[PDB]
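Engineer: Okay, so here is data-v3.csv, and as you'll see once you scroll down, it has CSV, C-alpha atoms.
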```csv
chain,number,residue,atom,x,y,z
A,208,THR,CA,24.3,142.6,146.4
A,209,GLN,CA,27.4,144.9,146.5
A,210,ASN,CA,26.6,148.1,144.5
A,211,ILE,CA,24.9,150.6,146.8
A,212,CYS,CA,23.9,154.2,146.9
A,213,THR,CA,25.0,156.2,149.9
A,214,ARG,CA,23.5,159.5,151.0
A,215,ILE,CA,26.1,162.1,152.0
B,276,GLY,CA,31.4,165.9,128.2
B,277,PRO,CA,33.4,168.9,129.4
B,278,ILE,CA,34.9,168.8,132.9
B,279,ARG,CA,33.2,171.3,135.2
B,280,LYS,CA,34.2,172.9,138.5
B,281,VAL,CA,31.3,173.6,140.9
B,282,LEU,CA,31.7,175.0,144.4
B,283,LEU,CA,29.0,174.9,147.1
B,284,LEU,CA,29.0,175.8,150.8
B,285,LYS,CA,28.0,173.3,153.5
B,286,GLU,CA,27.4,174.3,157.1
B,287,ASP,CA,28.7,171.9,159.7
B,288,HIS,CA,25.2,170.6,160.6
B,289,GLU,CA,24.3,170.0,156.9
B,290,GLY,CA,24.9,167.1,154.6
B,291,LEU,CA,26.0,167.7,151.0
B,292,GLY,CA,22.5,166.6,149.8
B,293,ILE,CA,23.7,164.1,147.2
B,294,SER,CA,23.8,160.3,147.0
B,295,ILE,CA,26.7,158.5,145.3
B,296,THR,CA,27.1,155.1,143.8
B,297,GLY,CA,29.9,153.3,142.0
B,298,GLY,CA,33.6,153.0,142.8
B,299,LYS,CA,36.8,151.2,141.9
B,300,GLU,CA,35.7,147.8,143.0
B,301,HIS,CA,32.8,148.0,140.6
B,302,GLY,CA,34.9,149.3,137.7
B,303,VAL,CA,32.9,152.6,137.4
B,304,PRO,CA,33.5,156.2,138.5
B,305,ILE,CA,32.0,157.7,141.7
B,306,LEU,CA,28.6,158.7,140.2
B,307,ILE,CA,25.9,161.0,141.5
B,308,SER,CA,22.8,158.9,142.1
B,309,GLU,CA,20.4,161.5,143.4
B,310,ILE,CA,20.3,165.2,144.4
B,311,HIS,CA,18.1,165.7,147.4
B,312,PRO,CA,15.6,168.6,147.5
B,313,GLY,CA,16.4,171.6,149.6
B,314,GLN,CA,19.9,170.6,150.6
B,315,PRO,CA,23.2,172.3,149.6
B,316,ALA,CA,23.7,170.7,146.2
B,317,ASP,CA,20.1,171.4,145.2
B,318,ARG,CA,20.3,175.0,146.4
B,319,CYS,CA,23.5,175.6,144.4
B,320,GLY,CA,22.8,173.8,141.1
B,321,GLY,CA,25.4,172.7,138.7
B,322,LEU,CA,25.6,169.1,139.8
B,323,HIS,CA,23.6,166.5,137.9
B,324,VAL,CA,22.5,162.9,138.4
B,325,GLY,CA,24.9,160.7,136.4
B,326,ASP,CA,27.9,163.1,136.8
B,327,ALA,CA,31.1,161.4,137.7
B,328,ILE,CA,32.8,163.1,140.6
B,329,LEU,CA,36.5,163.2,139.6
B,330,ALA,CA,37.8,165.1,142.6
B,331,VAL,CA,36.6,167.1,145.6
B,332,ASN,CA,38.6,169.9,147.1
B,333,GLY,CA,41.6,168.6,145.1
B,334,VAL,CA,41.3,165.1,146.5
B,335,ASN,CA,41.2,162.6,143.7
B,336,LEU,CA,38.2,160.2,143.5
B,337,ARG,CA,39.1,158.5,140.3
B,338,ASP,CA,40.7,155.4,141.9
B,339,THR,CA,38.7,155.1,145.2
B,340,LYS,CA,36.5,152.3,146.4
B,341,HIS,CA,33.0,153.2,147.3
B,342,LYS,CA,33.6,153.3,151.0
B,343,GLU,CA,36.7,155.5,150.6
B,344,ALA,CA,34.8,158.0,148.5
B,345,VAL,CA,32.1,158.2,151.1
B,346,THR,CA,34.8,158.9,153.7
B,347,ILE,CA,36.4,161.6,151.6
B,348,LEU,CA,33.2,163.3,150.6
B,349,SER,CA,31.8,163.1,154.1
B,350,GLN,CA,34.9,164.8,155.6
B,351,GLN,CA,34.7,167.9,153.5
B,352,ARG,CA,33.5,171.1,155.3
B,353,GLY,CA,32.8,174.7,154.4
B,354,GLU,CA,33.8,175.3,150.8
B,355,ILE,CA,33.4,172.1,148.7
B,356,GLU,CA,34.7,172.4,145.2
B,357,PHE,CA,33.6,169.5,142.9
B,358,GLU,CA,35.3,168.5,139.7
B,359,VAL,CA,32.6,166.7,137.7
B,360,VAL,CA,32.0,165.3,134.2
B,361,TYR,CA,28.8,163.8,132.7
B,362,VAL,CA,29.7,160.3,131.6
```
Would it be possible to restate this file's structure as structure tokens?
Structural biologist:
Amino acid sequence: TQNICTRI
Amino acid sequence: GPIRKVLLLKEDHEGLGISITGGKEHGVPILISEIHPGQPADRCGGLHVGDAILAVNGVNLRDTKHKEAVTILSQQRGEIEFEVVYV
């Protein structure tokens, strides 16, 4: 856990 | 690939319609993970999944952690000019 995808 | 400049418009109530991943702490660019249907990026075209976002409205994203890039991208309003390259 550390890479994420963030919606903007 | 070649660096491209792509401008879209975002109303205040809208999102950009993209998801990003990556960042300095993971040793990779800010990358477009997804382009969401019907939102500004999809309606404009010219951005692609796997593009690195090098800058937005002249604000450099090449050395930003993921959280900082989220902050920067989320703060853009109106005209949003992306500098992108397919990595």
Engineer: Would you tabulate, counting all atoms listed in the file, all residues of chain A that have an atom at most 6 Å from an atom of chain B, showing the closest pair of atoms and their distance in Å to one decimal, sorted by chain then ascending number, as CSV?
Structural biologist:
```
residue,atom,partner,partner_atom,distance
A:211,CA,B:296,CA,5.8
A:212,CA,B:296,CA,4.5
A:213,CA,B:294,CA,5.2
A:214,CA,B:294,CA,4.1
A:215,CA,B:291,CA,5.7
```
Engineer: Export C-alpha atoms of the chosen residues as a PDB file, in the coordinates of the input?
Structural biologist:
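Writing the result to selection.pdb gives the following:
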```
ATOM      1  CA  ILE A 211      24.900 150.600 146.800  1.00  0.00           C
ATOM      2  CA  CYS A 212      23.900 154.200 146.900  1.00  0.00           C
ATOM      3  CA  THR A 213      25.000 156.200 149.900  1.00  0.00           C
ATOM      4  CA  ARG A 214      23.500 159.500 151.000  1.00  0.00           C
ATOM      5  CA  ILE A 215      26.100 162.100 152.000  1.00  0.00           C
TER       6      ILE A 215
END
```
Engineer: Between CA of residue 354 (chain B) and CA of residue 282 (chain B), what is the distance in Å, rounded to a tenth?
Structural biologist: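 Spanning CA of residue 354 (chain B) to CA of residue 282 (chain B) is a straight-line distance of 6.7 Å.
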Engineer: Rounded to one decimal in Å, what is the spacing between CA of residue 284 (chain B) and CA of residue 303 (chain B)?
Structural biologist: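 Calculated distance between CA of residue 284 (chain B) and CA of residue 303 (chain B) is 27.1 Å.
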Engineer: Could you tell me how far CA of residue 286 (chain B) sits from CA of residue 315 (chain B), in Å to one decimal place?
Structural biologist: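 Separation between CA of residue 315 (chain B) and CA of residue 286 (chain B): 8.8 Å.
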Engineer: Check the smallest atom-to-atom distance from each of B:339, B:333, B:316, B:326 to residue 362 (chain B) using all atoms listed in the file, then report the winner.
Structural biologist: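 Under the stated criterion, the closest residue is B:326.
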Engineer: Where's the centre, and what are the edge lengths in Å to one decimal, of a box along x, y and z enclosing all listed atoms of region 323-327 of chain B padded 5 Å per side, as lines of an AutoDock Vina configuration file?
Structural biologist:
```
center_x = 26.8
center_y = 163.6
center_z = 137.4
size_x = 18.6
size_y = 15.8
size_z = 12.0
```
Engineer: Would you mind telling me which residue in B:318, B:288, B:280, B:340 lies nearest to residue 210 (chain A) when using all atoms listed in the file?
Structural biologist: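 Of B:318, B:288, B:280, B:340, the one nearest residue 210 (chain A), counting all atoms listed in the file, is B:340.
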Engineer: Just need chain A in a file, please: C-alpha atoms, as a PDB file, in the first residue's frame.
Structural biologist:
```
ATOM      1  CA  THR A 208       0.000   0.000   0.000  1.00  0.00           C
ATOM      2  CA  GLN A 209       1.163   3.482  -1.063  1.00  0.00           C
ATOM      3  CA  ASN A 210       0.625   3.968  -4.855  1.00  0.00           C
ATOM      4  CA  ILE A 211      -2.939   5.167  -5.373  1.00  0.00           C
ATOM      5  CA  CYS A 212      -5.045   6.639  -8.151  1.00  0.00           C
ATOM      6  CA  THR A 213      -6.891   9.856  -7.329  1.00  0.00           C
ATOM      7  CA  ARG A 214      -9.862  11.184  -9.257  1.00  0.00           C
ATOM      8  CA  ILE A 215      -9.773  14.915  -9.954  1.00  0.00           C
TER       9      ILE A 215
END
```
